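Chains as they are written, first to last, in PDB author numbering: chain F, 10 to 109; chain J, 4 to 62; chain C, 2 to 380; chain A, 4 to 445.
Note that the Cβ used here is the ideal one computed from N, Cα and C, for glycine as well.
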Amino acid sequence: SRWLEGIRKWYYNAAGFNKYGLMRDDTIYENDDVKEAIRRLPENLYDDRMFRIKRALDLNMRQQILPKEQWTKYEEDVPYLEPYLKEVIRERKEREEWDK
Amino acid sequence: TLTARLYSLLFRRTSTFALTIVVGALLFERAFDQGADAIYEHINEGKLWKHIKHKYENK
Amino acid sequence: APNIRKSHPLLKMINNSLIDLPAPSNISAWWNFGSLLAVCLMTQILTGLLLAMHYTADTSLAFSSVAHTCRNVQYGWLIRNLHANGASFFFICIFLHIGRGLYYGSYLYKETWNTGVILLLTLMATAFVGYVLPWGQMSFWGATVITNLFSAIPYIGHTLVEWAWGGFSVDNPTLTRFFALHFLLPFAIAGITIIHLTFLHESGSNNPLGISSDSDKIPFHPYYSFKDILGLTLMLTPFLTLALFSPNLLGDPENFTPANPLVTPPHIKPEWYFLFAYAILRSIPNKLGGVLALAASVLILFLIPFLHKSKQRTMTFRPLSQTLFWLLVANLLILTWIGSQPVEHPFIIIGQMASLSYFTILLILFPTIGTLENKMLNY
Amino acid sequence: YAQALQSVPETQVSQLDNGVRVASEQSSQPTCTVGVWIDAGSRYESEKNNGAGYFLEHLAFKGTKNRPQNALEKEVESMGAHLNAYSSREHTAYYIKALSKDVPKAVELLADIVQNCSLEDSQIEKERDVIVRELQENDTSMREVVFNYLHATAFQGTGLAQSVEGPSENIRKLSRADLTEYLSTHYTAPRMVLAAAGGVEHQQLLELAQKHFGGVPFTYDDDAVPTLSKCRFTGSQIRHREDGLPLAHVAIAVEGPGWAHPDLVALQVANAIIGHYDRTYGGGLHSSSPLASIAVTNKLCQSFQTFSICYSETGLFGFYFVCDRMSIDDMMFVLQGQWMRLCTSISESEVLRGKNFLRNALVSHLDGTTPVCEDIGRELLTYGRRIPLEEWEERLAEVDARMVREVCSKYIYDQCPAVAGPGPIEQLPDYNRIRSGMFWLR
Ligand code: HEM
Ligand code: HEM
Ligand SMILES: CCCCC[C@H]1C(=O)O[C@@H](C)[C@H](NC(=O)c2cccc(NC=O)c2O)C(=O)O[C@H](C)[C@@H]1OC(=O)CC(C)C
Numbered sequence: 010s011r012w013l014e015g016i017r018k019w020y021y022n023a024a025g026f027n028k029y030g031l032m033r034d035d036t037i038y039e040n041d042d043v044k045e046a047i048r049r050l051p052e053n054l055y056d057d058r059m060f061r062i063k064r065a066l067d068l069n070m071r072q073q074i075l076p077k078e079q080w081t082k083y084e085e086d087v088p089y090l091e092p093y094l095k096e097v098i099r100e101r102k103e104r105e106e107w108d109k
Numbered sequence: 004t005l006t007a008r009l010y011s012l013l014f015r016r017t018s019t020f021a022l023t024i025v026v027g028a029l030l031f032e033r034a035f036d037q038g039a040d041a042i043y044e045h046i047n048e049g050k051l052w053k054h055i056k057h058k059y060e061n062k
Numbered sequence: 002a003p004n005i006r007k008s009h010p011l012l013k014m015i016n017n018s019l020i021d022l023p024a025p026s027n028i029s030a031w032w033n034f035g036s037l038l039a040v041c042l043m044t045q046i047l048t049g050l051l052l053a054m055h056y057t058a059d060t061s062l063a064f065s066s067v068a069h070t071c072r073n074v075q076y077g078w079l080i081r082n083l084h085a086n087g088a089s090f091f092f093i094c095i096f097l098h099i100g101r102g103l104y105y106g107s108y109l110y111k112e113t114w115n116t117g118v119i120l121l122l123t124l125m126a127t128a129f130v131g132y133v134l135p136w137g138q139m140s141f142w143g144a145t146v147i148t149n150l151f152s153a154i155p156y157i158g159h160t161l162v163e164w165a166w167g168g169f170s171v172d173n174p175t176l177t178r179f180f181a182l183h184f185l186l187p188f189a190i191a192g193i194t195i196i197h198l199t200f201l202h203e204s205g206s207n208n209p210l211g212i213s214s215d216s217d218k219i220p221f222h223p224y225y226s227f228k229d230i231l232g233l234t235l236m237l238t239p240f241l242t243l244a245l246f247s248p249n250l251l252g253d254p255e256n257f258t259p260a261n262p263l264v265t266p267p268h269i270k271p272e273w274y275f276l277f278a279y280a281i282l283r284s285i286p287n288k289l290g291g292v293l294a295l296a297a298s299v300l301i302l303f304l305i306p307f308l309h310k311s312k313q314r315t316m317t318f319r320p321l322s323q324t325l326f327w328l329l330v331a332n333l334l335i336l337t338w339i340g341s342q343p344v345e346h347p348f349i350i351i352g353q354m355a356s357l358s359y360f361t362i363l364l365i366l367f368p369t370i371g372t373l374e375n376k377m378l379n380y
Numbered sequence: 004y005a006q007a008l009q010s011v012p013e014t015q016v017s018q019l020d021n022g023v024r025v026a027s028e029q030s031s032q033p034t035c036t037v038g039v040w041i042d043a044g045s046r047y048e049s050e051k052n053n054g055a056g057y058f059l060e061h062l063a064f065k066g067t068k069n070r071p072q073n074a075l076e077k078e079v080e081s082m083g084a085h086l087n088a089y090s091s092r093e094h095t096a097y098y099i100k101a102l103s104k105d106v107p108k109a110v111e112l113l114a115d116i117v118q119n120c121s122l123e124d125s126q127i128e129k130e131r132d133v134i135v136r137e138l139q140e141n142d143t144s145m146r147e148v149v150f151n152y153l154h155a156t157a158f159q160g161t162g163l164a165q166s167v168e169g170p171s172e173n174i175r176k177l178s179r180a181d182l183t184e185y186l187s188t189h190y191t192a193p194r195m196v197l198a199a200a201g202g203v204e205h206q207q208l209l210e211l212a213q214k215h216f217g218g219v220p221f222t223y224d225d226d227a228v229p230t231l232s233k234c235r236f237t238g239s240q241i242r243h244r245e246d247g248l249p250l251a252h253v254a255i256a257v258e259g260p261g262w263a264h265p266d267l268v269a270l271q272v273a274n275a276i277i278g279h280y281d282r283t284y285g286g287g288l289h290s291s292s293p294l295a296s297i298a299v300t301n302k303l304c305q306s307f308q309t310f311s312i313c314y315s316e317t318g319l320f321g322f323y324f325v326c327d328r329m330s331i332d333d334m335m336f337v338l339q340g341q342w343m344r345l346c347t348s349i350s351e352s353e354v355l356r357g358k359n360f361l362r363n364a365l366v367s368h369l370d371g372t373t374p375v376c377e378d379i380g381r382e383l384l385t386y387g388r389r390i391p392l393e394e395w396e397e398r399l400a401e402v403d404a405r406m407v408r409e410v411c412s413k414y415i416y417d418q419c420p421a422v423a424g425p426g427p428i429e430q431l432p433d434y435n436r437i438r439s440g441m442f443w444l445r
């Protein structure tokens, strides 16, 4: 009856992390996996992400945000790291299982 | 022109600056107190011992 | 090194924790709480050290002594006032500091967090004593429960207490031996606090977004030093205001009546900064349960780090758990009211209720709303 | 010695009813060099006019209408003269160097460029893509980009801030016209100087210039030289980070007085005292220049240089260093510290050397013909006349310690500097910090 699709859209704008102008992945806390994930990132996307974070920080540090225009739109959010991160995880889970 | 005169003469040399904080504090003290004391006392006319000290010292 | 600010064993520490320390650029006031907590630790240690200069730990002299320390010693009254209140500004900041940390998952810096708990605990512990010291009706009866509170622990309990305090009933000994603990403890808080910051520095300070900050990070000194000095004066003004205008505003007056081992005051309301857990304790009718509840009421902070599920650190992008959070902060402000409230149906139930949401909100709600929000993102 | 200075041949100067000023210095020398130094530059460029002065310099040789490309060069090559030049922000020149037996021939040539440049629309569309490449080269010369960026922020918003080279968008779209619009606008006698040095006999020069520079000023305008819009100095910073680079560069500076100002002397002496280092030297034992010493002892920088780059009415007195990603800080600190020392507790024994060090560059600044012409070319243009080494001598042969202190402090103490830094600079502290590095905790 109620689209998870319809919902995610909610949460996304609700989380409003796009008001700072940074993709979902630009937020995921940096744990062992993510670090390795991000450390596998192509230098392109890396510097991209960096700036997005520094900009985010700079905003946040000013208490002000990004013009309604520059927010990133849900459908246009680029899961730039999810793919690497996943391999990572399974890579690990593969290892963790083998060491038993 | 105060601010400029001030900076050049008082705030420029870290040596000087300090010196005015001191001589200034002395002035701020003396003045802040008298002012405060007055503001206070006045807001309590005839209630303080300084004010009744006289019914055994007139007023 | 031509530096010196870095070539001197001592001097470095400073120019390494107050100057040159990399701190996130973006940091809200909720980050001052801590630097403040220090100033309390100080204001407490300074004032109390000074108040001990006049205290006389001994039943027959204990109460009066303080009175004397006020009426007789120049500004001794001011010292006291300041002290009893620092107690609060202290608990306030601590209570906020814990807040902040909770809602930015600073509890992810685990150790820095675990130590934190200890501090709380101790600050709660030390504040328990000391309040006994003035030996007022409260002082006494607080001594008698809180202590006796360890009655619950079987076998080693009844005994541990008849030791906790002097002999077999809160009496002179217990007092002297409390003063000692109080005089001592704060210095422990100070030490641990060092250990606390150490662990911190190992891992930079957090930051409100909960994402790496290496991208920015400003030199602690120029910035935050000022920012602290400011916050110093800000949450200094209230505390002082109290101490100079309505000192006992937070202080129960019932404690102005010297202790009587024979009559516990009808209407024994514990200190405000204690009420919450207090409530929890009485709303769980069973000595042990009562205590246990309490035990975990505070000793739960240790689990928050394990009850973290969000793929993101802080929860500024977690509007869901976010309100769950305030549901908690308020659920706390509630327990408090319900604590300063006698035991009747209008309350009581409200009590054990909030004193249920409390746990759940923590033990269960959070982690659930947690994973949930991750899935509302395909995580 | 002092006698050596005095026995130094005065420089002759005389302007035309035209406007040009014709000066030069004579020696025995078979060879020589001569040039026209225009009061032209980038500073004189607009938001859409920026670049021209350059795009120009780059066609200033590819010919004239009188004698197209193949011939000019062939006429230049063929006689063995070297026609080289530049274009800064407030200074452009075009000098040649022949055997003095060519004064009249070189002079003509000169005139034929500053006045009639082919500007072959087909020659342009090539030099266009040439610059756009040549610019892409200027780019990885971090040793420079760091200065433009310095200007960029030091004089943010004004004309100086624009780099002599100009944006890619302009060089990508300057019109056959706009170039000419530049030439005809600034390339005028009143702002141009014909200077030379070697074996030349002034009069012969005059007459040739007075001969090939048949310019004629009608209006009062033509005879008047416009004074430039003042540029606001703006204590600030500009950071173009990139840990991807071998190392970072840092350039900080305070506003400079302007050529005119007599203090540029004492000030020049200042920069003499801390000087420059550069790992090839041979001195952890160096002269006072602690910045140098310390730079060695604690391996502070790959190289550092002090500079008082000045202009018409403003300037940039600072210092620039290159250092490993890691020792950037200690360096600033030690360096910036020196400025302080410099203007808070500098000694005579120090200034003594400083001077002599300047008096050495003072002299060697004029080493040959080309260089001499430079000063003459410059001197007049920015100072009004020519400053003899006998003069400069006294100017700086009379600067005492107390004078340096009084000066440097006057332009450094508690002043808001402009810093510029490209490269792995994560280690360079924020501004406030390098700012409160301007006042000594006396
Ligand atoms: C860690 C911070 C501290 C806390 C939490 C604290 C708290 C208290 C509290 C709440 C009391 C009861 C005050 C009242 O009657 O309202 C107290 C009393 C006292 N404290 Fe502290 N104290 C601390 C540190 C100190 C220190 C460092 C000393 C000295 C070693 C000290 C010495 C005393 C003295 C003399 C009293 C008895 C007089 C009085 O009751 O005011 N306190 N302290
Ligand atoms: C003994 C008194 C305490 C002092 C003086 C103290 C001091 C500090 C200071 C100054 C910081 C630096 C960042 C900030 O200001 O927030 C800090 C961080 C932290 N403290 Fe405390 N703390 C104390 C008690 C606690 C308590 C009781 C907790 C326990 C929940 C705690 C948890 C933390 C956490 C989680 C951080 C690290 C994350 C962050 O700073 O964002 N602290 N504390
Ligand atoms: C000789 C003096 C040495 C200085 C000791 C002193 C030193 O850590 O001073 C600061 C850095 C410390 N807080 C911070 O660094 C800090 C960190 C992140 C953000 C902010 N600001 C928020 O915006 C901070 O303020 C603050 O919490 O005091 C501690 C804890 C310590 O002092 C305590 O042991 C004293 C107790 C033991 C008596």
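6 Å CB neighbourhood of residue i in its chain, flanking five on each side removed
i, result
"C:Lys13", "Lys7"
"A:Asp124", "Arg179"
"C:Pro248", "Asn82"
"C:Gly87", "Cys41, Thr44, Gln45"
"A:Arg398", "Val268"
"C:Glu163", "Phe169"
Neighbourhood of residue i by C-beta, 7 Å cutoff - its chain only, sequence neighbours within 5 removed
i, result
"A:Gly287", "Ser296, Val299, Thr300"
"F:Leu75", "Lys28, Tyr29, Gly30, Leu68"
One or two residues paired with residue i in a DSSP bridge
i, result
"C:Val344", "Note: C:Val344 sits in no beta bridge, so no partner."
"A:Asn87", "A:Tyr98"
"A:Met195", "A:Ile41"
"A:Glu258", "A:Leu319"
"A:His252", "A:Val325"
"A:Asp281", "A:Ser306"
"A:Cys35", "A:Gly201"
Among the options, the one whose alpha carbon lies nearest that of residue i
i, options, result
"A:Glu147", "A:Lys176, A:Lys108, A:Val167", "A:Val167"
"C:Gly35", "C:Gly117, C:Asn17, C:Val67, C:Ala260", "C:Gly117"
"C:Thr194", "C:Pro271, C:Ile219, C:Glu112", "C:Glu112"
"A:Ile116", "A:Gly83, A:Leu75, A:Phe150", "A:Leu75"
"A:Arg235", "A:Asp20, A:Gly318, A:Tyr190, A:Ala26", "A:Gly318"
"A:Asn69", "A:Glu60, A:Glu111, A:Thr36, A:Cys35", "A:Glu111"
Beta carbon of residue i nearer than 9 Å to that of residue j
i, j, result
"F:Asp34", "F:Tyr89", "yes"
"C:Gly205", "C:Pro25", "yes"
"A:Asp327", "A:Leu250", "yes"
"A:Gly440", "A:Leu431", "no"
"A:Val253", "A:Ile428", "yes"
"C:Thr177", "C:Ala165", "no"
"A:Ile174", "A:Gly54", "yes"
"C:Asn207", "C:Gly371", "no"
"C:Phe240", "C:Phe92", "no"
Contacts around residue i, its chain only, beta-carbon distance under 8 Å, and the 5 residues preceding and following it disregarded
i, result
"A:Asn119", "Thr67, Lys68, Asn69"
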